[PDB]
Amino acid sequence: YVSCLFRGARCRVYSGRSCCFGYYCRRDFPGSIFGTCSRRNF
Numbered sequence: 001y002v003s004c005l006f007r008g009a010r011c012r013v014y015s016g017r018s019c020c021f022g023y024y025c026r027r028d029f030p031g032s033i034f035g036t037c038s039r040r041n042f
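Residue numbers 1 to 42, in PDB author numbering, belong to the letters of the sequence shown in order.
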């Protein structure tokens, strides 16, 4: 609702809000439902 996911946290595709500022969630493998949160450092 207000909080966000931090680095090294569990996050699924159909999870709640996105990761914290400067962070995103990535799937485990081609055809997964759950993943992890990683820094969106391009």
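Positions of the beta carbon are idealized from the N, C-alpha and C atoms, including for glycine.
Which residues mark the beginning and the end of the beta strand (DSSP E) in which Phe34 is found?
Taking the first residue of the sequence shown as 1, we reach residue 34 at position 34. Per DSSP, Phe34 belongs to the beta strand (DSSP E) from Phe34 to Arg39.
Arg10: which of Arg40, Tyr1 and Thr36 sits nearest, CA to CA?
As a working note, residue 10 is residue 10 in the sequence shown. For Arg10, the nearest C-alpha among the options comes from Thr36.
Go to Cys20, then tell me how far its beta strand (DSSP E) extends in each direction, as first and last residue.
Within the sequence shown, the letter at position 20 stands for residue 20. Run containing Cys20: none; DSSP gives neither H nor E here.
Following the continuous beta strand (DSSP E) through residue 63, name the residue where it begins and the one where it ends.
Past the boundaries of the shown model lies residue 63; the chain is included only from 1 to 42, so the question cannot be answered.
Can you name, in chain order, every residue of its own chain whose Cβ lies under 7 angstroms from the Cβ of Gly22, other than the five neighbours on each side?
As a working note, residue 22 is residue 22 in the sequence shown. Closer than 7 angstroms at Cβ, skipping near neighbours: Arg39 and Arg40.
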